[PDB]
Amino acid sequence: XXXXXXXXXXXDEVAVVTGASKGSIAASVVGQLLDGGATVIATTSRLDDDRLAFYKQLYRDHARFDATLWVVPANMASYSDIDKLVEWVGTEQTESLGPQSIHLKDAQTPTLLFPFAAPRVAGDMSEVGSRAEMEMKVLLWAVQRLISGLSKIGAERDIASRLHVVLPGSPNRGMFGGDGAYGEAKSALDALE
Amino acid sequence: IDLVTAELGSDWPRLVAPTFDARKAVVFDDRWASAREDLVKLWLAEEX
Amino acid sequence: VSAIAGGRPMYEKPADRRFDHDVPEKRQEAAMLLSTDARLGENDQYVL
Amino acid sequence: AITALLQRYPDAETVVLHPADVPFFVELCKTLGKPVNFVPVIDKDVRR
Amino acid sequence: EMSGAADXXXXXXXXXXXXXXXXXXXXXXXXXXXXXXXXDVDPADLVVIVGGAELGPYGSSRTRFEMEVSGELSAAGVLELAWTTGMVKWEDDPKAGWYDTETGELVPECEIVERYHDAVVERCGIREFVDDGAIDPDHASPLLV
Amino acid sequence: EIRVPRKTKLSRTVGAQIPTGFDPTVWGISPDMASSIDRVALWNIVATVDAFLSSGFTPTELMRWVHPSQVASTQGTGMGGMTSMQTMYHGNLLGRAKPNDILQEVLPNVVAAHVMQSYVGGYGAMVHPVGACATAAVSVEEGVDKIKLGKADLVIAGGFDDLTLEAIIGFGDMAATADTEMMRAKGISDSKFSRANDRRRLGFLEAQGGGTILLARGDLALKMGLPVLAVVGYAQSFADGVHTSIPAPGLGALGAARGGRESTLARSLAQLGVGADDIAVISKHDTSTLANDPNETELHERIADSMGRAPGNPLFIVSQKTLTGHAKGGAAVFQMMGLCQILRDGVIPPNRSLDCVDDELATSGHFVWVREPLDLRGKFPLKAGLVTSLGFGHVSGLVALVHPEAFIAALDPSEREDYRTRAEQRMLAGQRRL
Amino acid sequence: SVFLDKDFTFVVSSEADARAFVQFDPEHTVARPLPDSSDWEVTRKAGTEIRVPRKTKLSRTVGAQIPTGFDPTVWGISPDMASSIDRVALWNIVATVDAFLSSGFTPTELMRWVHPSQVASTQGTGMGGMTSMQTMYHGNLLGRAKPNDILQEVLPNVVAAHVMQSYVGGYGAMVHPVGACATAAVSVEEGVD
């Protein structure tokens, strides 16, 4: 292993993944991206240390050479968050040490984008029934602004690099009546194309 | 503000509250540190 | 008697021997503490 | 029976009766159906 | 079917009374090979640690070491801390046992973890400063101009 | 001229404090003592009692084997008597009724003086180091010194300090303490804010408490038949030098590694037939400040580098300040205590406050920072630890600690077997007493 | 300490200082923004705690004092040091210089014959830093401007620490006995050790 380490090579991929949480498809994608020598932006809805400790566990396992992981508190339901997040994702990659500590926003042009953020139905505040209306902002409209947001950064900072956005389409609309959520919502992705 | 709430509902204004701030970010760029601790844990616990 | 009259005996040191050449001495900082017999020459007036 | 229990708990052989287990035993001597055949404690009630 | 399977419960009889307590602390030796000469070393010139103790945010050396190495207290860990924190008291009044000091209630060794440790963790170790001096540096510190 | 009452809001809302509900009364200290003495005194008094309880109880049993003038007390403080000090300067200027014994009770030596009056009653040496943050290890050094010269055959070494109002405002003003308002802004809970060697380390958490150890002559320990917790292979304090710069940390603790095979560190080991590779664990001061951590790391990295530490045989290091916080006077004793417990149990405690290792520390290859406990069982032994502490104003210190079973090898098989017999009987009687 | 029997007349204060006032009393004190000047009025009601200046006559009118007109400046101590350090520090600093003057002068001449880690400092105190201590406990409770280095300068070991920084520059041992009245001889003991 010491001999194989000496000749070891690396690859590079810059990705932004949302909905990366524990026991999910994207979490298996994240560790695999890290397995492929990538650079990954991972967002978590719950900022609690139990979620924070998980990504540390996931990273210290599947991380290769050249691999850098980034975990942040994020809410895809907030337009402010989306604008503020990518304004952070697209700025500098610089750290200024003056009398104080200022970290200038890290700039990495996203190769892959994975909008796997998946709101779940939990209605404690009584929100029931209005959720399918609100999620249409999140699953599409806010994604649209997310796609538009990273398009601005790419155009302003002038990159010809194509951000590959994998659109998490639901399987085979119309031939299932039992899902109730996936089947109908993701058919407009054909309209988004 | 009562009229605006009447139209949109109770949950929409409360859930739309801001969350993200630029100062809470956490970056892990160290493999070098985590790989060393990872190996010694294997070396000591080796059974199979 | 030279100290009593002139106000000489108290001189607060700039610590010349520490920083004497900015680049190497900061690098030589480790090497000094490590090896036993490294000391001051008198002829340069107490150089490290 | 004694062997069966204290085989499961071998530590019972090397240690002290817990300071809170002493009042319990003396308490049981007082509530016992037929009065205890011995003297568990030397105290004010020793005559009793 | 599966919601129903989740909605249809049942109770398998479980009769259990559990308690928490332990033997006095022992020592586990380590395997070390040593090739040595006896008379060579002067015992008068050697310094040896006979014993030691500490008083700190985590309690004595026994409880602090448990929290440092393990991260959770044993039976003796919570029993000792509850005693030091003054949760449990000892009365020679009838019923003759360990009693809760705050509410005046008799306690066994088992429930010590359940009834206390939650509050022990909060009020031991590192926490917001509890004011025993009737002054809070962070909130209000008396000034006179 | 009138002095008119006002108020202030301060930055530090959190400290590492002795568990709520602690009483010296529960331990059995009389109310008269509690009144008359400073809070810091209650810490060293109870600690001394529990320190003895490790082996013997009655302090006069020492006078059976030893003439009383051969009993020593070496007890360090960074300040000590803080309460009793702040009690006078308030009280006098405020004309409030305050105790007459104040100046006696503010002497940092008076605390163990109270213990010698109340408990041991020894006729022998009393020393009371001031090491700032390093007093504890500095105290051990002199406790070691008192024995080897025959001045005293039994010493008590330790350190203690208290956390009060104006202790906090001195640090927070000095900028050295972590600012709680900033920690909450970064989403840091009170338990997680002391992080050693972490990239984000913001400065130290202030704490309170005290601890002590009983150091004795090796020949006496066998003769009295007490437990041997560990061998102190060496102890040293070290200064740094002339400089203007305030962040520039003292590196002078490297002086112990000078000379290689001829070095004090290696010769101390070699006398037990122990090599440089045989130090597995260093207990760092690990103040969690940005100044101390990388410097102490560079220091420990270099002391290993020149002594011929085998490449990539890193010193596994624990940070106890992440748990217990930083108590100035009793810092290195809590580390001293932990190190003994490390040697006997074999277990190397984690730093559970470590999210990420500082990327600067990568340059040190002889140093390993462990986030999770590595527990050494019966098949996986250990050998020797090192306690290092850096006090304020170039106070630096090093204490080399070695496993007890290294000493038992000097008795020859007949006497070695005879000692284990006595030590075994003592443990059983010791468990009884405790 | 006296309790105000009836409400005190309002006084003008800054917003930062007046909010602080509220943090002590708050049922017993009253504070308001003055719309024009943006500052706050502080009114203490009945039941507040007030500390009122008084005096005392004491028994000791005489002490053994260093001859009047002594200056560390005359000996050549810089004004920056005089300010930053306690009075007790000026005593040990000048004494150390004159102590060396008995034999050698330049403290680094010791490093010719000796490795710097073999230079030790054993310096006792009964209390030490007394001024710097009484300076904090007055000053803080009085909110007067006082130095930030106070707790560092109250450590009885910091005084010779100041001397090692300013003069000798030794890399070796530092011990600081507390012998009450006996520190001096107690210090010699450990210096010998």
# chains A, B, ... in the order shown; residues from 1 in each chain; ligands from 1
call {"tool": "interface_residues", "arguments": {"of": "chain E", "to": "chain D", "cutoff": "12 Å", "atoms": "only C-alpha atoms", "output": "PyMOL selection string"}}
result
chain E and resi 21-26+76+89-99+107-109
call {"tool": "closest_atom_pairs", "arguments": {"of": "chain F", "to": "chain D", "cutoff": "12 Å", "atoms": "only C-alpha atoms", "output": "tab-separated table"}}
result
residue	atom	partner	partner_atom	distance
F:427	CA	D:15	CA	11.7
F:428	CA	D:15	CA	8.7
F:429	CA	D:15	CA	10.8
F:430	CA	D:15	CA	11.9
F:431	CA	D:15	CA	8.7
F:432	CA	D:16	CA	7.4
F:433	CA	D:16	CA	10.8
F:434	CA	D:16	CA	11.3
call {"tool": "residues_around", "arguments": {"residues": "residue 19 of chain C", "least_positions_apart": "5", "cutoff": "12 Å", "atoms": "only C-alpha atoms", "output": "PyMOL selection string"}}
result
(chain C and resi 14+24-29+47-48) or (chain F and resi 242-245)
call {"tool": "residues_around", "arguments": {"residues": "residue 3 of chain C", "least_positions_apart": "3", "cutoff": "10 Å", "atoms": "only C-alpha atoms", "output": "PDB file with N, CA, C and O atoms, in the first residue's frame"}}
result
ATOM      1  N   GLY C   6      26.427  57.018  35.391  1.00  0.00           N
ATOM      2  CA  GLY C   6      25.861  57.339  34.093  1.00  0.00           C
ATOM      3  C   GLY C   6      24.410  56.953  33.867  1.00  0.00           C
ATOM      4  O   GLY C   6      23.780  57.427  32.922  1.00  0.00           O
ATOM      5  N   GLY C   7      23.874  56.095  34.728  1.00  0.00           N
ATOM      6  CA  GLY C   7      22.528  55.584  34.535  1.00  0.00           C
ATOM      7  C   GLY C   7      22.537  54.450  33.529  1.00  0.00           C
ATOM      8  O   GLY C   7      21.496  54.022  33.031  1.00  0.00           O
ATOM      9  N   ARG C   8      23.740  53.961  33.241  1.00  0.00           N
ATOM     10  CA  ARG C   8      23.958  52.850  32.312  1.00  0.00           C
ATOM     11  C   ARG C   8      23.400  51.450  32.658  1.00  0.00           C
ATOM     12  O   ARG C   8      22.926  50.760  31.755  1.00  0.00           O
ATOM     13  N   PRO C   9      23.449  51.022  33.943  1.00  0.00           N
ATOM     14  CA  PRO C   9      23.295  49.585  34.223  1.00  0.00           C
ATOM     15  C   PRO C   9      22.002  48.943  33.733  1.00  0.00           C
ATOM     16  O   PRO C   9      21.923  47.718  33.682  1.00  0.00           O
ATOM     17  N   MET C  10      20.998  49.741  33.389  1.00  0.00           N
ATOM     18  CA  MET C  10      19.773  49.165  32.858  1.00  0.00           C
ATOM     19  C   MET C  10      19.579  49.489  31.380  1.00  0.00           C
ATOM     20  O   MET C  10      19.280  50.622  31.004  1.00  0.00           O
TER      21      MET C  10
ATOM     22  N   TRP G  75      17.251  54.749  37.472  1.00  0.00           N
ATOM     23  CA  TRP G  75      18.033  53.540  37.256  1.00  0.00           C
ATOM     24  C   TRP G  75      18.086  53.176  35.771  1.00  0.00           C
ATOM     25  O   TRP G  75      18.939  52.398  35.351  1.00  0.00           O
ATOM     26  N   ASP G  98      21.262  44.982  39.582  1.00  0.00           N
ATOM     27  CA  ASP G  98      22.308  45.273  40.555  1.00  0.00           C
ATOM     28  C   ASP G  98      22.884  43.996  41.165  1.00  0.00           C
ATOM     29  O   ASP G  98      24.015  43.991  41.651  1.00  0.00           O
ATOM     30  N   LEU G 101      25.413  42.902  38.650  1.00  0.00           N
ATOM     31  CA  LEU G 101      26.523  43.857  38.665  1.00  0.00           C
ATOM     32  C   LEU G 101      27.610  43.494  39.672  1.00  0.00           C
ATOM     33  O   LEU G 101      28.740  43.973  39.575  1.00  0.00           O
TER      34      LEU G 101
END
call {"tool": "closest_atom_pairs", "arguments": {"of": "chain F", "to": "chain A", "cutoff": "10 Å", "atoms": "only C-alpha atoms", "output": "Markdown table"}}
result
| residue | atom | partner | partner_atom | distance |
| --- | --- | --- | --- | --- |
| F:187 | CA | A:47 | CA | 8.9 |
| F:188 | CA | A:49 | CA | 9.5 |
| F:189 | CA | A:49 | CA | 9.7 |
| F:355 | CA | A:56 | CA | 8.0 |
| F:356 | CA | A:56 | CA | 9.1 |
call {"tool": "residues_around", "arguments": {"residues": "segment 27-30 of chain G", "least_positions_apart": "5", "cutoff": "10 Å", "atoms": "only C-alpha atoms", "output": "list in words"}}
result
residues 4, 7, 8, 10, 18, 19, 21, 22, 40, 41, 42, 43, 44, 45, 46, 47, 48 and 49 of chain G
call {"tool": "residues_around", "arguments": {"residues": "residue 39 of chain E", "least_positions_apart": "5", "cutoff": "12 Å", "atoms": "only C-alpha atoms", "output": "mmCIF file with N, CA, C and O atoms, in the first residue's frame"}}
result
data_model
loop_
_atom_site.group_PDB
_atom_site.id
_atom_site.type_symbol
_atom_site.label_atom_id
_atom_site.label_comp_id
_atom_site.auth_asym_id
_atom_site.auth_seq_id
_atom_site.Cartn_x
_atom_site.Cartn_y
_atom_site.Cartn_z
ATOM 1 N N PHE F 407 9.843 -0.023 37.539
ATOM 2 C CA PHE F 407 10.534 0.047 38.822
ATOM 3 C C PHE F 407 10.625 -1.316 39.500
ATOM 4 O O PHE F 407 11.597 -1.607 40.198
ATOM 5 N N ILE F 408 9.608 -2.147 39.292
ATOM 6 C CA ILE F 408 9.532 -3.453 39.937
ATOM 7 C C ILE F 408 10.589 -4.407 39.382
ATOM 8 O O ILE F 408 10.838 -5.474 39.944
ATOM 9 N N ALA F 409 11.218 -4.006 38.282
ATOM 10 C CA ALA F 409 12.218 -4.832 37.615
ATOM 11 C C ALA F 409 13.595 -4.716 38.266
ATOM 12 O O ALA F 409 14.513 -5.469 37.940
ATOM 13 N N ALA F 410 13.732 -3.767 39.188
ATOM 14 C CA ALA F 410 14.999 -3.530 39.874
ATOM 15 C C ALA F 410 15.099 -4.233 41.229
ATOM 16 O O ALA F 410 16.071 -4.043 41.963
ATOM 17 N N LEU F 411 14.088 -5.021 41.574
ATOM 18 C CA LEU F 411 14.052 -5.657 42.888
ATOM 19 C C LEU F 411 14.656 -7.059 42.947
ATOM 20 O O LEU F 411 14.810 -7.606 44.035
ATOM 21 N N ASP F 412 14.992 -7.627 41.787
ATOM 22 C CA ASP F 412 15.367 -9.045 41.653
ATOM 23 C C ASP F 412 14.126 -9.922 41.881
ATOM 24 O O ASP F 412 13.217 -9.520 42.607
ATOM 25 N N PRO F 413 14.084 -11.121 41.269
ATOM 26 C CA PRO F 413 12.860 -11.936 41.266
ATOM 27 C C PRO F 413 12.294 -12.264 42.647
ATOM 28 O O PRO F 413 11.074 -12.343 42.794
ATOM 29 N N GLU F 415 12.650 -10.406 45.603
ATOM 30 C CA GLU F 415 12.086 -9.205 46.212
ATOM 31 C C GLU F 415 10.969 -8.610 45.362
ATOM 32 O O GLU F 415 10.067 -7.956 45.887
ATOM 33 N N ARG F 416 11.038 -8.822 44.050
ATOM 34 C CA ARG F 416 9.980 -8.366 43.155
ATOM 35 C C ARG F 416 8.682 -9.080 43.500
ATOM 36 O O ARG F 416 7.615 -8.470 43.551
#
call {"tool": "select_by_dssp", "arguments": {"residues": "segment 95-210 of chain F", "states": "strand (DSSP E)", "output": "VMD selection string"}}
result
chain F and resid 126 to 127 154 to 161 209 to 210
call {"tool": "write_last_selection", "arguments": {"atoms": "C-alpha atoms", "output": "PDB file, in the first residue's frame"}}
result
ATOM      1  CA  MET F 126       6.988  23.868  52.541  1.00  0.00           C
ATOM      2  CA  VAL F 127       7.377  25.352  49.061  1.00  0.00           C
ATOM      3  CA  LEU F 154       7.748  12.468  51.324  1.00  0.00           C
ATOM      4  CA  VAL F 155       6.317  15.363  49.340  1.00  0.00           C
ATOM      5  CA  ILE F 156       2.912  16.569  48.239  1.00  0.00           C
ATOM      6  CA  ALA F 157       2.978  18.177  44.802  1.00  0.00           C
ATOM      7  CA  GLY F 158       0.141  20.012  43.085  1.00  0.00           C
ATOM      8  CA  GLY F 159      -1.541  23.221  41.992  1.00  0.00           C
ATOM      9  CA  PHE F 160      -4.867  25.005  42.378  1.00  0.00           C
ATOM     10  CA  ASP F 161      -6.700  28.164  41.272  1.00  0.00           C
ATOM     11  CA  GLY F 209     -10.435  23.781  40.787  1.00  0.00           C
ATOM     12  CA  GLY F 210      -7.410  22.125  42.320  1.00  0.00           C
TER      13      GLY F 210
END
call {"tool": "closest_residue", "arguments": {"among": "E:117, E:62, E:139, E:127", "to": "chain G", "atoms": "only C-alpha atoms"}}
result
E:139
call {"tool": "closest_residue", "arguments": {"among": "G:76, G:170, G:26, G:33", "to": "residue 4 of chain C", "atoms": "only C-alpha atoms"}}
result
G:76
call {"tool": "interface_residues", "arguments": {"of": "chain B", "to": "chain F", "cutoff": "12 Å", "atoms": "only C-alpha atoms", "output": "list in words"}}
result
residues 21, 22, 23, 24, 25, 26, 27, 28, 29, 30, 31, 32, 33, 34, 35, 36, 37, 38, 40, 41, 42, 44 and 45 of chain B
call {"tool": "write_last_selection", "arguments": {"atoms": "N, CA, C and O atoms", "output": "JSON list (two decimals), in the first residue's frame"}}
result
[["chain", "number", "residue", "atom", "x", "y", "z"],
["B", 21, "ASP", "N", -26.48, 32.17, 6.67],
["B", 21, "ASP", "CA", -25.60, 33.30, 6.92],
["B", 21, "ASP", "C", -24.17, 32.88, 6.58],
["B", 21, "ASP", "O", -23.80, 31.72, 6.76],
["B", 22, "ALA", "N", -23.37, 33.83, 6.10],
["B", 22, "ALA", "CA", -22.06, 33.50, 5.54],
["B", 22, "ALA", "C", -21.01, 33.04, 6.56],
["B", 22, "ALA", "O", -19.94, 32.56, 6.18],
["B", 23, "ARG", "N", -21.32, 33.19, 7.85],
["B", 23, "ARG", "CA", -20.36, 32.91, 8.93],
["B", 23, "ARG", "C", -20.44, 31.51, 9.55],
["B", 23, "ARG", "O", -19.57, 31.13, 10.35],
["B", 24, "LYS", "N", -21.46, 30.74, 9.20],
["B", 24, "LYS", "CA", -21.64, 29.41, 9.78],
["B", 24, "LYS", "C", -21.05, 28.28, 8.94],
["B", 24, "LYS", "O", -21.17, 27.11, 9.31],
["B", 25, "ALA", "N", -20.42, 28.62, 7.82],
["B", 25, "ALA", "CA", -19.88, 27.60, 6.91],
["B", 25, "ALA", "C", -18.72, 26.79, 7.51],
["B", 25, "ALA", "O", -17.91, 27.32, 8.27],
["B", 26, "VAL", "N", -18.65, 25.51, 7.14],
["B", 26, "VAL", "CA", -17.56, 24.64, 7.57],
["B", 26, "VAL", "C", -16.93, 23.85, 6.42],
["B", 26, "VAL", "O", -17.62, 23.18, 5.64],
["B", 27, "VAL", "N", -15.61, 23.95, 6.32],
["B", 27, "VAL", "CA", -14.85, 23.40, 5.22],
["B", 27, "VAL", "C", -13.94, 22.29, 5.72],
["B", 27, "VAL", "O", -13.20, 22.47, 6.68],
["B", 28, "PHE", "N", -14.05, 21.11, 5.11],
["B", 28, "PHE", "CA", -13.11, 20.05, 5.37],
["B", 28, "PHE", "C", -12.32, 19.77, 4.10],
["B", 28, "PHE", "O", -12.80, 19.07, 3.20],
["B", 29, "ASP", "N", -11.10, 20.31, 4.05],
["B", 29, "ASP", "CA", -10.14, 19.98, 3.01],
["B", 29, "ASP", "C", -9.06, 18.99, 3.47],
["B", 29, "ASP", "O", -8.17, 18.66, 2.70],
["B", 30, "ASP", "N", -9.11, 18.53, 4.71],
["B", 30, "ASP", "CA", -8.04, 17.62, 5.11],
["B", 30, "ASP", "C", -8.40, 16.15, 4.92],
["B", 30, "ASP", "O", -9.27, 15.61, 5.61],
["B", 31, "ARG", "N", -7.75, 15.54, 3.94],
["B", 31, "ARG", "CA", -7.57, 14.09, 3.86],
["B", 31, "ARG", "C", -6.35, 13.61, 4.66],
["B", 31, "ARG", "O", -6.40, 12.56, 5.31],
["B", 32, "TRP", "N", -5.26, 14.38, 4.60],
["B", 32, "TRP", "CA", -3.97, 14.00, 5.18],
["B", 32, "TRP", "C", -4.08, 13.64, 6.65],
["B", 32, "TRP", "O", -3.42, 12.72, 7.14],
["B", 33, "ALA", "N", -4.92, 14.38, 7.36],
["B", 33, "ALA", "CA", -5.13, 14.15, 8.78],
["B", 33, "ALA", "C", -6.05, 12.96, 9.02],
["B", 33, "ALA", "O", -5.80, 12.14, 9.89],
["B", 34, "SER", "N", -7.11, 12.87, 8.23],
["B", 34, "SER", "CA", -8.12, 11.83, 8.42],
["B", 34, "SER", "C", -7.68, 10.46, 7.91],
["B", 34, "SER", "O", -8.17, 9.43, 8.36],
["B", 35, "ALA", "N", -6.75, 10.45, 6.95],
["B", 35, "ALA", "CA", -6.23, 9.20, 6.40],
["B", 35, "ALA", "C", -5.29, 8.50, 7.37],
["B", 35, "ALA", "O", -5.25, 7.27, 7.45],
["B", 36, "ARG", "N", -4.53, 9.29, 8.12],
["B", 36, "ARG", "CA", -3.58, 8.75, 9.09],
["B", 36, "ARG", "C", -4.29, 8.06, 10.25],
["B", 36, "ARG", "O", -3.91, 6.97, 10.66],
["B", 37, "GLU", "N", -5.33, 8.71, 10.77],
["B", 37, "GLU", "CA", -6.12, 8.15, 11.86],
["B", 37, "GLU", "C", -6.92, 6.94, 11.37],
["B", 37, "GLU", "O", -7.24, 6.05, 12.15],
["B", 38, "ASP", "N", -7.23, 6.93, 10.08],
["B", 38, "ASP", "CA", -8.01, 5.86, 9.48],
["B", 38, "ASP", "C", -7.19, 4.57, 9.37],
["B", 38, "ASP", "O", -7.73, 3.48, 9.56],
["B", 40, "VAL", "N", -4.33, 3.67, 11.23],
["B", 40, "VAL", "CA", -3.95, 3.14, 12.53],
["B", 40, "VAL", "C", -5.12, 2.42, 13.20],
["B", 40, "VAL", "O", -4.92, 1.49, 13.99],
["B", 41, "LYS", "N", -6.34, 2.83, 12.87],
["B", 41, "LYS", "CA", -7.54, 2.19, 13.40],
["B", 41, "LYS", "C", -7.72, 0.82, 12.75],
["B", 41, "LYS", "O", -8.21, -0.11, 13.38],
["B", 42, "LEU", "N", -7.34, 0.72, 11.48],
["B", 42, "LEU", "CA", -7.38, -0.55, 10.77],
["B", 42, "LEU", "C", -6.31, -1.47, 11.34],
["B", 42, "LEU", "O", -6.59, -2.61, 11.71],
["B", 44, "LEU", "N", -4.69, -1.62, 14.15],
["B", 44, "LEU", "CA", -4.90, -2.11, 15.50],
["B", 44, "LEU", "C", -6.06, -3.11, 15.58],
["B", 44, "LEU", "O", -5.98, -4.11, 16.30],
["B", 45, "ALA", "N", -7.12, -2.83, 14.83],
["B", 45, "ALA", "CA", -8.35, -3.62, 14.92],
["B", 45, "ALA", "C", -8.41, -4.78, 13.94],
["B", 45, "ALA", "O", -9.44, -5.45, 13.84]]
call {"tool": "residues_around", "arguments": {"residues": "residue 115 of chain G", "least_positions_apart": "3", "cutoff": "12 Å", "atoms": "only C-alpha atoms", "output": "number ranges by chain"}}
result
C: 32-40; F: 252, 254-256, 258-259; G: 108-112, 118-120, 169-172
call {"tool": "write_last_selection", "arguments": {"atoms": "N, CA, C and O atoms", "output": "CSV table (one decimal), in the first residue's frame"}}
result
chain,number,residue,atom,x,y,z
C,32,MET,N,18.8,25.9,16.6
C,32,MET,CA,19.5,26.3,17.8
C,32,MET,C,19.1,25.5,19.1
C,32,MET,O,19.9,25.0,19.8
C,33,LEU,N,17.8,25.4,19.3
C,33,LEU,CA,17.2,24.7,20.5
C,33,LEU,C,17.5,23.2,20.5
C,33,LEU,O,17.6,22.6,21.5
C,34,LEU,N,17.7,22.7,19.2
C,34,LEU,CA,17.9,21.3,19.1
C,34,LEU,C,19.3,20.8,19.4
C,34,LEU,O,19.4,19.8,20.1
C,35,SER,N,20.3,21.5,18.9
C,35,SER,CA,21.7,21.0,19.1
C,35,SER,C,22.3,21.6,20.3
C,35,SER,O,22.2,22.8,20.6
C,36,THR,N,23.1,20.8,21.1
C,36,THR,CA,23.6,21.3,22.4
C,36,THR,C,24.6,22.4,22.4
C,36,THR,O,24.4,23.4,23.1
C,37,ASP,N,25.6,22.3,21.6
C,37,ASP,CA,26.8,23.2,21.8
C,37,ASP,C,26.8,24.5,21.1
C,37,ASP,O,27.7,25.3,21.1
C,38,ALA,N,25.6,24.8,20.4
C,38,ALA,CA,25.5,26.1,19.7
C,38,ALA,C,25.4,27.3,20.7
C,38,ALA,O,24.5,27.3,21.5
C,39,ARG,N,26.3,28.3,20.5
C,39,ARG,CA,26.4,29.4,21.5
C,39,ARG,C,26.8,30.7,20.8
C,39,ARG,O,26.8,30.9,19.6
C,40,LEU,N,27.1,31.7,21.7
C,40,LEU,CA,27.4,33.0,21.2
C,40,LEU,C,28.9,33.2,21.0
C,40,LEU,O,29.7,32.9,21.9
F,252,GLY,N,11.3,27.5,24.9
F,252,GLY,CA,12.4,27.0,25.7
F,252,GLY,C,12.3,25.6,26.3
F,252,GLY,O,13.3,25.1,26.8
F,254,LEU,N,12.4,23.0,24.8
F,254,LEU,CA,13.2,22.2,24.0
F,254,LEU,C,14.5,21.8,24.7
F,254,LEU,O,15.2,20.8,24.3
F,255,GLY,N,14.9,22.6,25.7
F,255,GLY,CA,16.2,22.4,26.3
F,255,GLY,C,16.4,21.0,27.0
F,255,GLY,O,17.5,20.6,27.3
F,256,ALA,N,15.3,20.3,27.2
F,256,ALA,CA,15.3,19.0,27.8
F,256,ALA,C,15.8,17.9,26.8
F,256,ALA,O,16.3,16.9,27.2
F,258,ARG,N,18.0,18.4,24.5
F,258,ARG,CA,19.3,18.8,24.0
F,258,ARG,C,20.4,17.7,24.3
F,258,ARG,O,20.6,17.3,25.5
F,259,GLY,N,21.1,17.3,23.3
F,259,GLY,CA,22.2,16.3,23.5
F,259,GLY,C,22.0,14.9,22.9
F,259,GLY,O,22.9,14.1,22.9
G,108,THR,N,23.9,37.5,28.8
G,108,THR,CA,24.1,36.5,27.8
G,108,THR,C,25.5,35.9,27.8
G,108,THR,O,25.8,35.0,27.2
G,109,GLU,N,26.4,36.6,28.7
G,109,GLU,CA,27.7,36.0,28.9
G,109,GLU,C,27.6,34.7,29.6
G,109,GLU,O,28.5,33.8,29.5
G,110,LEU,N,26.5,34.5,30.3
G,110,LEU,CA,26.2,33.2,30.9
G,110,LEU,C,26.0,32.1,29.8
G,110,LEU,O,26.3,30.9,30.1
G,111,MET,N,25.6,32.5,28.7
G,111,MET,CA,25.3,31.6,27.6
G,111,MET,C,26.6,31.2,26.8
G,111,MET,O,26.6,30.4,25.9
G,112,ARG,N,27.7,31.8,27.2
G,112,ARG,CA,29.0,31.5,26.7
G,112,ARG,C,29.5,30.2,27.4
G,112,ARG,O,30.0,29.2,26.7
G,118,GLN,N,20.1,25.9,31.1
G,118,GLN,CA,20.6,25.6,32.4
G,118,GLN,C,20.6,26.9,33.3
G,118,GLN,O,21.3,26.9,34.4
G,119,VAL,N,20.0,27.9,32.9
G,119,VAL,CA,19.8,29.1,33.7
G,119,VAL,C,18.4,29.0,34.4
G,119,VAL,O,17.4,28.9,33.7
G,120,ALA,N,18.4,29.2,35.7
G,120,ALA,CA,17.2,29.1,36.4
G,120,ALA,C,16.8,30.3,37.1
G,120,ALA,O,17.6,31.2,37.4
G,169,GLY,N,17.0,36.4,29.5
G,169,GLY,CA,16.6,35.7,28.3
G,169,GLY,C,16.9,34.2,28.4
G,169,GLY,O,17.0,33.6,27.3
G,170,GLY,N,17.0,33.7,29.6
G,170,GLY,CA,17.4,32.3,29.8
G,170,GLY,C,16.3,31.4,29.2
G,170,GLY,O,15.1,31.8,29.1
G,171,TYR,N,16.7,30.2,28.8
G,171,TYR,CA,15.8,29.2,28.3
G,171,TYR,C,15.3,28.2,29.4
G,171,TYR,O,14.6,27.3,29.1
G,172,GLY,N,15.9,28.4,30.6
G,172,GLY,CA,15.7,27.4,31.6
G,172,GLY,C,14.7,27.7,32.8
G,172,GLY,O,13.9,28.5,32.7
call {"tool": "atom_distance", "arguments": {"atom1": "atom CA of residue 241 of chain F", "atom2": "atom CA of residue 165 of chain G"}}
result
5.5 Å
call {"tool": "select_by_dssp", "arguments": {"residues": "chain C", "states": "alpha helix (DSSP H)", "output": "list in words"}}
result
residues 2, 3, 4, 5, 6, 16, 17, 18, 19, 22, 23, 24, 25, 26, 27, 28, 29, 30, 31, 32, 33 and 34 of chain C
call {"tool": "interface_residues", "arguments": {"of": "chain G", "to": "chain F", "cutoff": "7 Å", "atoms": "only C-alpha atoms", "output": "VMD selection string"}}
result
chain G and resid 17 20 to 21 50 to 53 117 126 to 127 134 136 to 138 148 to 151 155 to 158 161 to 162 164 to 167 169 to 180 186 190 193
